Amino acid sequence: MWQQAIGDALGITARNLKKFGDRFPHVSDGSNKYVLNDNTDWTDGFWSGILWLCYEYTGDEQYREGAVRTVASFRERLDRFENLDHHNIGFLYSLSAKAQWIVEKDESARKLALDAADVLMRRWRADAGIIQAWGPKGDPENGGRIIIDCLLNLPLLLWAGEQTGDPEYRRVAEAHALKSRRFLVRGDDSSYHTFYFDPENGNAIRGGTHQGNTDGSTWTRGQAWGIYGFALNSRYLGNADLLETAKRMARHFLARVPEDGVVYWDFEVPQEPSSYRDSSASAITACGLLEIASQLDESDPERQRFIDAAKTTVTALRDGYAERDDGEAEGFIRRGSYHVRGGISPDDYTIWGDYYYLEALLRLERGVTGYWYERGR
């Protein structure tokens, strides 16, 4: 039921690895070909994650060799501090360096991940009690802003905390997670994309977005980041409240899935066929659902209900958005959207979409849970 889907992904990945060389895929832009970069964006780690997933499934060394090469690329990126002045250090190094340590216990990868965790830690603003999303410290407009995406970048810190025994990692991680729950999540279980606090004291100011339709809409990927993100912090912290929030945001998402099973880019715009979609949001959510389920009690009937929703979602992605390995297609799933309001790849492949789509398949077929935490933790 999942072998066929995985099969096409494996084939597409093998071809890409040869085609791309040492370059990294980000998103497509009006075609079945990925636009590449020299490891300079926030999405580069997803390529690494895909390669490590393919290796774990097949045992095929060509995948492992490609992943190892990206790790070397990440060491260079880190020791040069190239475009890392943001919170996405987690997405970047959890799926690359920490991934290798999770897969084969490579001490060298472990240290790199730890090195990367230290840099991310210096993004914490004591006065505001948050981890700054974008820009250098004190940035006039972003110095006190947090984003729901950041929840997915906390696993790197939490993992490092357990690795080093340094309590500060978990302290700042839990604090930021709770702050996010109070201000980014809304009363109807929906969510804001970003939230602003007073840099001087950390007082709440306002919620808002630059990727969602309006400050008060629900950017589906934002919601997705929340679902999976809160569930991941929930696991590390053993926080029943964060888990509850994950489930709330999940149920909200599920009740707004359109007919073909894959969501539009924002829940608060007309849910019409001519509107852009965001397959990546559905992909992230499928993983979120499985993570939540994995934390529930067996007697919890909602557990199987989430697993089934995750399956239905992956199946929906497979039947309507997945690319068959036709020798040309470079992406796993179509119709992802990067920045709709901005006009940037609103109907294309997204490397993160591809990663979560595969992680979902690996979770469902082999019980392989990705690289957010140690296997068996």
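Note that residue numbering follows the sequence shown and begins at 1.
Comparing the deposited coordinates for 85 to 93 and 185 to 193, the stretch with the larger average C-alpha B-factor is 85 to 93. Looking at 112 to 120 and 150 to 158 together, the entry lists the larger mean B-factor for 112 to 120, computed on C-alpha atoms. Of the candidates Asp260, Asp266, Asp215, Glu168, the PDB record gives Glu168 the highest C-alpha temperature factor. Per the deposited coordinates, the residue with the largest Cα temperature factor out of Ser275, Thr245, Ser282, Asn203 is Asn203. Per the deposited record, the Cα B-factor of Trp134 falls in the highest third when ranked against the other modelled residues of its chain. In the deposited entry, the Cα temperature factor of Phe24 sits in the middle third of values across the chain's modelled residues. Ranked within its chain, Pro346 lands in the lowest third, by CA B factor from the PDB record.
The PDB entry assigns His176 a C-alpha temperature factor belonging to the lowest third of its chain's modelled residues. When the modelled residues of the chain are ordered by C-alpha B-factor, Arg235 sits in the lowest third.
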